[PDB]
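**Q** Just dropping this structure here.
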4 protein chains.
Amino acid sequence: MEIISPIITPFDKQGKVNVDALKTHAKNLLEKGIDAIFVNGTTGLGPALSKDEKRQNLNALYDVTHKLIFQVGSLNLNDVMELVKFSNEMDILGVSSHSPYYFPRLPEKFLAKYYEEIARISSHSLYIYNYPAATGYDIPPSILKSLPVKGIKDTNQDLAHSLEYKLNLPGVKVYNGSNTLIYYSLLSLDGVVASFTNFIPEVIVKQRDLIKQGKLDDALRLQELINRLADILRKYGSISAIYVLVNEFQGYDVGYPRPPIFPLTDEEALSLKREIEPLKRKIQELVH
Amino acid sequence: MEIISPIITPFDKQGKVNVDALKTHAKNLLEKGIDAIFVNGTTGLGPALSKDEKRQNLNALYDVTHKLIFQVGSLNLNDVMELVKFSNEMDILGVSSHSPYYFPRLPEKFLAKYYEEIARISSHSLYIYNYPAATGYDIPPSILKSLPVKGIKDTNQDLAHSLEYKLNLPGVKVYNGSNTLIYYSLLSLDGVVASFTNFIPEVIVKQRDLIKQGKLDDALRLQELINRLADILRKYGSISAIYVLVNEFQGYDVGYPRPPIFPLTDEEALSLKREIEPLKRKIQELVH
Amino acid sequence: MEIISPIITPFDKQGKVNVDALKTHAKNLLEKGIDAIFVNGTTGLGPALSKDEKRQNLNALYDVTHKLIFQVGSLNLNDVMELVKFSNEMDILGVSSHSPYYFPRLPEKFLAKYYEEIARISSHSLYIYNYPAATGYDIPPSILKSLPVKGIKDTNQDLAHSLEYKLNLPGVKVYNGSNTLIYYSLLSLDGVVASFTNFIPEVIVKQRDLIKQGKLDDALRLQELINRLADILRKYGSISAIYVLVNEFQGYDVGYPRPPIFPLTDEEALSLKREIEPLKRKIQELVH
Amino acid sequence: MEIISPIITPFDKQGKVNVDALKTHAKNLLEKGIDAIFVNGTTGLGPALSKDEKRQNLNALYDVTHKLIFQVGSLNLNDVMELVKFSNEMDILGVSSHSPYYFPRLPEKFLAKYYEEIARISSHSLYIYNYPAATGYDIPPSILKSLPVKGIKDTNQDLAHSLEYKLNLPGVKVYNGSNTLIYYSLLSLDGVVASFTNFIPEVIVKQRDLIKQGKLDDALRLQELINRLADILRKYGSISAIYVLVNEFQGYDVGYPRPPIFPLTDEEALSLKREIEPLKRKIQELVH
Ligand SMILES: [Mg+2]
Ligand SMILES: [Mg+2]
């Protein structure tokens, strides 16, 4: 069971990426048991990052670790290919992309052709990122059987959906991307890519270790606390809340998200910290 | 009753915008009776265009006409503001943006703050572009009541939703963005922003003229044909099919869309042309 | 253009149908221009009515008028067939049914077989009632082309959907069932089946007469008022509000709906009447 | 961990319930390790059953066991209350209902008042049946906090939604109603109400026993097979297919479903049996 972190991209107040904070953050996550870093994913504001910002994120993280999966998706296949060619010359775990997005009603063959082009040029293992609620498309096994897929990150609240890949794609590693299903993924799939690893990494690593010891009740209790947090964060914007919580739980500044993913105001951040306080104590009591 | 065209962005085989073809195309549309041009819209591949590409489209079109609505949306508010400051220097119809997109579950206040920032800096009338099927969000009238909105392009199959803006926002011009509801829009709203104006402009202009003469049956008859076209185009990818039809119907080359919006292959194009031929005859018979 | 009323079913406080009020209500609607009555439809609580209640509704109304379309749907085809055989012996306009409901994931052939059985035994014209938001199924033309369909009531906010039937089913009468699209239906389809005819029949008949005279602006203004009413009624329960409004606008008691379609409390009914007052005056000013 | 069966209602060729087959079937299920029976559920054709039919199913089953959850829902609260008063006289596990259905856009208070009325008159523990895909409504925990709820059957593919009830309603027993999530439910909730218990009860009982022994891999392996079955059944109509499989797997005839839930033709049945045969072998090999 692997615990992969879709790392956040720290920005300063002017909306410029702070690579020092990114490296400090990554080192800490890795020291605490995180198995790999998914760069430029949804939590990392991937689609909001320019071609060069995606590249600079990889370069910065490449000075810290080799355990990197590079997400390269954009709405111009020329730019995507430029990022694949760039990453070919580096020693990373894999290259990834979510499907074409924004435009509705694109024929399925477009999705297929998109991935075939990435597969044709990449010299790295291919990780399909399936996120229907975000892109508007569900990549079906029909298209995946044709491609050299190594792993799939499936963001879907229906575990049966993630499990269907495991069955139809022999040998492919499947990871579910929801924080609210970690316990179930750790008992049925190859791991998880969970946004919450950004601020409670020790908690998620503890879940896997408890499950490895056969202590499921304990792992389920941690999951219940996680699901309560997730429920509180919705009203503030889950990604935006994460920045405040990393500082709260981990003790270092990771800056702010970049608008339209607006940062929490001072009041919102103070309000958030009050709501989560009881969950904090209870989590630190079970994980120390 | 205004007939607005979301003009396509001509690209060459390498994916570079061809601004000469953009000008030739826009000029023909105006001569055929199109009243204004929505620049960098969905049909124009807006979200897939870089900041610079969006700017050059506006510069190019400005030479042809000033009846331009400048769509500037992106997932980095700083780039949006940069385009707004740039357009403040020019004499145009207005500035527009669709809502933030991709990221699901963003709080409503985020959408409000995004539009507030455009308004704060813009010296042009604001045109709100609502396309829930694409962005994942519906901009309710409640958010628009505080902004200096002059126009709303509403791409929604429910005409009552478009009429709702009319009712709740006095003095605001509302245009529906669906090709399949043109007839109804010309009988209730302030106009239409229909992608089919790119290849059958004279048909849509003829519908308005027939309606103004009281010949609704004839206009409705033209709508039936338009809706049959829409069904055929879906299979090929509507935007991609438009590039092929512009050449067919108008006589000049507007190039290709840019992948992930894949161009039709020569086989596909020839297949499309045969399939729409009977409809093309019925069209060119009712619209001399 | 026909104006069909999906008549409400009056109940007393004990949940028993009051046929005298039903007849009084029907006479008034017919005197005011309503062209036909759709019995046991959604507004008439069809699926909540027992086999015998559906039969008694038809018998009672049959003492008032011959212009009746009899909706007979239930989750036991034996009961549906018993109602079709019963109605065969009476002189009415047609027999109707919405699709199988409740159970999700039923194969399309089930819908087909359901209607084929009704078509096999009925000696009356068949009216398909398509209401996807209620049944969970959209009956596609594929199945309708095989059946002897005379008319279709399409409840869908997408007029292009209702218009698609007109085009694919030559000779079939198509009526849209939304109060918020009446104006558009009266300008493109064969009529409407609108719940609001229960309390503002003169208003809807006036819309058609105005459109018949070419006075579209006037007909659109009436539509704007209708859409404002619809928006106010949602919070109370549209069907439940109708009972109170029939009494308000028409001057006779039609009783109450039957739980789970709960009646408005005294306070709710008083609150409703206050909200609609301005719309009343403005409607009675334009229709007297 | 409770394994509950939503028992099918056996009908003869004419559509009359066969209570002898209902008893034979229930007895076999108990002997194979099923713990309780959910009577008149979706799989039991609840909504399609008349008030009297729902009552006779309970009377019949009562002779076999008292571990009965009596589903009483209908679109006439008076009939619901009549069934509740009747069941108050009997010694059963509890009384249940799914929410009001068909009618869309009912206010939330209507759903609350419906359940309040059942609670006011019932002398048995209340089991809330949540099936949004069928009824069109999701019963939130907020409505349940005031009622004396003892159990919740949640048919939802999102396990976090089922876990949410656990977290927000202390002391309430929660069971997930999906065949494709059985494994996960047996590792986190209080049990399952799975329709496949009708034909592969020993498989589901074996999953629980394997889990209790710590053999998760074996239980997960059985889930894969179950999920492959679910895919095959969809095409034929899941409920209808179950009647054919009960005879196949268990050796006695449980008749036919009742139209609109059409029985499989002899050709369809023979086609189903061939398609599931390979899976049946893998099943009967891991479950001696
Ligand atoms: Mg370096
Ligand atoms: Mg009589």
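All Cβ positions, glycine included, derive from the backbone under ideal geometry; neighbour counts span all protein chains shown. Rule-based calculations on the coordinates, nothing more; no lab input.
**Q** Evaluate the relative contact order of chain D (contact order divided by residue number), counting alpha-carbon pairs under 8 angstrom at least 6 apart; express in whole percent.
**A** 18 percent
**Q** Report the far tail of the P(r) of region B:20-74, meaning the percent of Cα-Cα pairs longer than 13 Å.
**A** Of all Cα-Cα distances in region B:20-74, 55 percent exceed 13 Å.
**Q** Using a ≥ b ≥ c from the Cα gyration tensor of region B:1-149 (square roots of the eigenvalues), is it rounded, prolate or oblate, where a/c under 1.5 gives rounded and otherwise the larger of a/b and b/c decides, a/b for prolate?
**A** Taking the square roots of the gyration eigenvalues as a ≥ b ≥ c, region B:1-149 is prolate.
**Q** Run the reach check for D:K173 against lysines, Cα to Cα strictly under 18 Å, same-chain hits fewer than 8 apart removed. What comes back?
**A** Within reach: D:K67, D:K145, D:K150, D:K153.
**Q** What is region D:118-261 by shape, rounded, prolate or oblate, if you read a ≥ b ≥ c off the alpha carbon gyration tensor as root eigenvalues and call it rounded for a/c under 1.5, prolate for a/b larger than b/c, and oblate otherwise?
**A** It is oblate, given that a/c is not under 1.5 and a/b is not larger than b/c.
**Q** Which of D:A21, D:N59, D:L220 sits farthest toward the positive end of the charge dipole of chain D, with +1 on the Cβ of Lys and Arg and -1 on the Cβ of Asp and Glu?
**A** D:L220
**Q** Using just the alpha carbons, could you tell me how many Å³ per residue the convex hull of the protein assembly as shown encloses?
**A** 173 Å³
**Q** If you don't mind, there's one more thing I want to ask. Roughly how many Å is it from the Cα centre of region D:108-171 to that of region C:56-100, as a whole number?
**A** Rounded to whole Å, the Cα centres lie 36 Å apart.
**Q** Next question. Strictly over 31 Å apart at the Cα level, which of C:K13/D:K23; A:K273/D:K215; A:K280/D:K166 would you flag in this model?
**A** Long pairs (Cα-Cα over 31 Å): C:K13/D:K23; A:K273/D:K215.
**Q** Still on this structure, please answer the following. Can you give me the C-alpha center-to-center distance between region C:205-227 and region B:20-39, rounded to a whole angstrom?
**A** 36 Å
**Q** Placing a label point 7 Å from Cα toward Cβ, how far apart in nm is B:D253 from its equivalents in the other copies, listed shortest first to one decimal?
**A** Counterpart label points of B:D253 in the remaining copies fall at 5.6, 7.4, 8.1 nm.
**Q** Let me ask another. Which whole number of Å³ per residue matches the convex hull of the alpha-carbon atoms in chain C?
**A** Each residue corresponds to 124 Å³ of Cα convex hull volume.
**Q** Still on this structure, please answer the following. If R0 is 25 Å, what FRET efficiency do you get for D:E82 and C:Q56 from their C-beta distance, rounded to 0.05?
**A** With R0 = 25 Å, the Cβ-Cβ based efficiency is 0.80.
**Q** I've got another one for you. Rounded to the nearest 20 debye, what is the charge dipole size of the protein assembly as shown about its Cα centre when +1 sits on each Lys and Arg Cβ and -1 on each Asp and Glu Cβ?
**A** Charge dipole of the protein assembly as shown: 20 debye, to the nearest 20.
**Q** Compute the length gained on full extension between B:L30 and B:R105: take 0.36 nm times their separation in residues and subtract their Cα-Cα distance, giving the result in nm to one decimal.
**A** That pair, B:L30 and B:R105, stretches by 22.9 nm at full extension.
**Q** To the nearest 0.05, how large is the calculated FRET efficiency for B:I121 and B:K150 if R₀ is 25 Å and r is the Cβ-Cβ distance?
**A** It comes to 0.95.
**Q** Only Cα pairs under 8 Å and at least 6 apart count here; give the relative contact order of region B:228-288 as a rounded whole percent.
**A** For region B:228-288, the relative contact order is 37 percent.
**Q** Note down the relative contact order for region A:58-99 as a percent, whole number, built from C-alpha pairs under 8 angstrom at least six residues apart.
**A** 49 percent
**Q** Further question on the same structure: In terms of modelled amide H atoms, which long-range or inter-chain residues lie less than 5 Å from the amide H of C:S96?
**A** The answer is C:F70, C:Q71, C:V72, C:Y127.
**Q** For region B:232-239, take each phi angle, set θ = phi - 60°, evaluate the Karplus expression 6.51 cos²θ - 1.76 cosθ + 1.60, and give the result in whole Hz per residue in order, putting x for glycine and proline.
**A** After applying 6.51 cos²θ - 1.76 cosθ + 1.60, I find 5, 4, 2, 4, 9, x, 3, 5 Hz.
**Q** Here's something else I'd like to know. Could you derive backbone 3J(HN,Hα) for region B:135-150 from the dihedral phi with the Karplus parameters 6.51, -1.76 and 1.60 (θ = phi - 60°), listing whole Hz in sequence and x where the residue is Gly or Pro?
**A** 8, x, 9, 10, 8, x, x, 3, 6, 6, 4, 8, 8, x, 7, 10
**Q** Let me ask another. Cross-link partners among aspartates and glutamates for D:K16, C-alpha distance below 18 Å, same-chain residues fewer than 8 apart left out?
**A** D:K16 reaches C:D79, C:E82, D:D52, D:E53, D:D253.
**Q** Continuing with the same structure: Please list, in order, the residues from region D:53-71 whose amide nitrogen is less than 17 Å from a point placed 7 Å along the Cα→Cβ vector of D:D91.
**A** In region D:53-71, the label zone of D:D91 (backbone N under 17 Å from the point 7 Å along Cα→Cβ) covers D:59-70.
**Q** Per-residue ellipticity at 222 nm for the protein assembly as shown, helices alone: DSSP H runs ≥ 4 residues times -39500 (n - 2.57), over residue total, nearest 500 deg cm²/dmol?
**A** Calculated mean residue ellipticity at 222 nm is -14500 deg cm²/dmol.
**Q** Could you give me the ³J(HN,Hα) list for region D:30-47, computed from phi with Karplus coefficients 6.51, -1.76, 1.60 and θ = phi - 60°, whole Hz, x at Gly and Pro?
**A** 4, 5, 7, x, 6, 8, 8, 10, 8, 8, 6, x, 4, 5, x, 6, x, x
**Q** Could you order the peptides C:139-152, B:272-285 from most to least packed, using the average number of other C-beta atoms within 10 Å per residue?
**A** Ranked from most to least packed, the peptides come out as C:139-152, B:272-285.
**Q** Restricting to the protein assembly as shown, what percent of DSSP beta bridges are antiparallel, rounded to 5?
**A** 10 percent
**Q** Distances from C:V287 to the same residue in each other copy, label points 7 Å out along Cα→Cβ, in nm, shortest first?
**A** List, nearest first: 3.6, 6.1, 6.2 nm.
**Q** For region C:98-138, how big is Rg over Rh, using alpha carbon atoms and the Kirkwood form of Rh?
**A** Radius of gyration relative to Kirkwood radius: 0.98.
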